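Only one chain is given next, in structure tokens, and it is the form deposited in one PDB entry.
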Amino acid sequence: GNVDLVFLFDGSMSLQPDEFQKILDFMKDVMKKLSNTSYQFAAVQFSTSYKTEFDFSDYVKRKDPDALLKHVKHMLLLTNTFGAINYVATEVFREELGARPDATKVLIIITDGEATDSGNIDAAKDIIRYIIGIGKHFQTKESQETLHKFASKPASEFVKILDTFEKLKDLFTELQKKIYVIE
């Protein structure tokens, strides 16, 4: 059926210009591949606070991915992941913002560091949540587990750990192998 997918990307102080660009490229690639499908998209940059770069209505109005993200500016601040996730659940997934009523909700969280805040993401528990942890900040198994709480279960399918930002290209390659025209 319909799929309303939200990209919640890390814009923290740790990211180098090229790394931030690779995150933007990844989001665009998936969007272009899935253009003219039953998917609709929204994008929110998060660091210390949260900013919807374009919401569902924006995408519907102008499907152009490159145009939708042409305005993004790297925040360069903290990594308040609990707040960011709750922000999507209540401020982005809204009918008035273009979200479709009984559409399946999906969240693709991309981050390069552990969350600097805490609390709960209970309000977002019914959204299908994928998280992509990139870079040396996720070298240890300990740091990787910290991401499970944000993603759906099992972690084996929903939590993806990438050692480099270059690997985002590999991940896109792999996701395309999972694309099918369903009966």
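Start at 1 and count along the sequence shown; that's the residue number.
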item	value
Mean Cα B-factor comparison, 79-87 or 104-112, giving the higher one as deposited	104-112
Residue range whose averaged C-alpha B-factor is higher in the record, 25-33 or 137-145	137-145
Criterion, highest CA B-factor; candidates, 69, 42, 131, 127	69
Candidate residues 53, 117, 122, 64, the one whose C-alpha B factor the record puts highest	64
CA B-factor ranking of residue 9, expressed as a third of its chain	lowest
Third assignment of residue 46 from its chain's C-alpha B-factors	lowest
Residue 159 CA temperature factor, ranked by third within the chain	middle
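The same protein has a further form, the form solved in complex with a partner chain, not shown here; the description that follows concerns it.
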property: 13, 16 and 77 all contacting the partner chain in the deposited bound form, non-hydrogen atom within 4.5 Å; result: yes
